[PDB]
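K.L.:
The numbers in the deposited numbering rise by one with no breaks, and the one at position 80 of the sequence shown is 80. C-beta: ideal position from N, C-alpha, C; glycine also.
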Amino acid sequence: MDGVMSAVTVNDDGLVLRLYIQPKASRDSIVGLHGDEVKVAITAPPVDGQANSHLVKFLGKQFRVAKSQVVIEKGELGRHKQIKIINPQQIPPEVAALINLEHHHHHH
């Protein structure tokens, strides 16, 4: 069972998220953000100067967050990159999957 570190990881007051950027795209093309590793592509290199712009913007509306919560961890020098989402707000229906967890005591 050599697999305990999933793409998504919860934390004290946030969660980690793996990534995989790919140059030459013109727009944050969401290949298939489905755990394991979220691939993406942009015409902007990993240059924290311009790369951080689109990166935050995209994941900003998607997760309804921003720099005030989005923080680049490492791996920024390539596709394999991690980001810690501090105290989010919402998420895409995709993640809404692992969110059932029936509540205690069934309501009439």
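Buried or exposed: which applies to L19, given that a residue is buried once 16 or more other Cβ atoms fall within 10 Å of its Cβ?
P.N.:
buried
K.L.:
With a 10 Å radius around its C-beta and 16 neighbouring C-beta atoms as the bar for buried, classify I99 as buried or exposed.
P.N.:
exposed
K.L.:
Just verifying my parser: in three-state terms, what is the DSSP assignment at residue 126?
P.N.:
For residue 126 there is no data in the structure shown, the boundaries of the chain being 1 and 108.
K.L.:
Specify the secondary structure class of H54 as computed by DSSP and reduced to three states.
P.N.:
helix
K.L.:
Below 8 Å, can you find three or more Cβ-Cβ pairs linking the stretch 2–9 to the stretch 61–80?
P.N.:
No contact exists between the stretch 2–9 and the stretch 61–80.
K.L.:
Assuming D28 contacts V40 under a Cβ cut-off of 8 Å, what Cβ separation, rounded to an integer in Å, is found between them?
P.N.:
6 Å
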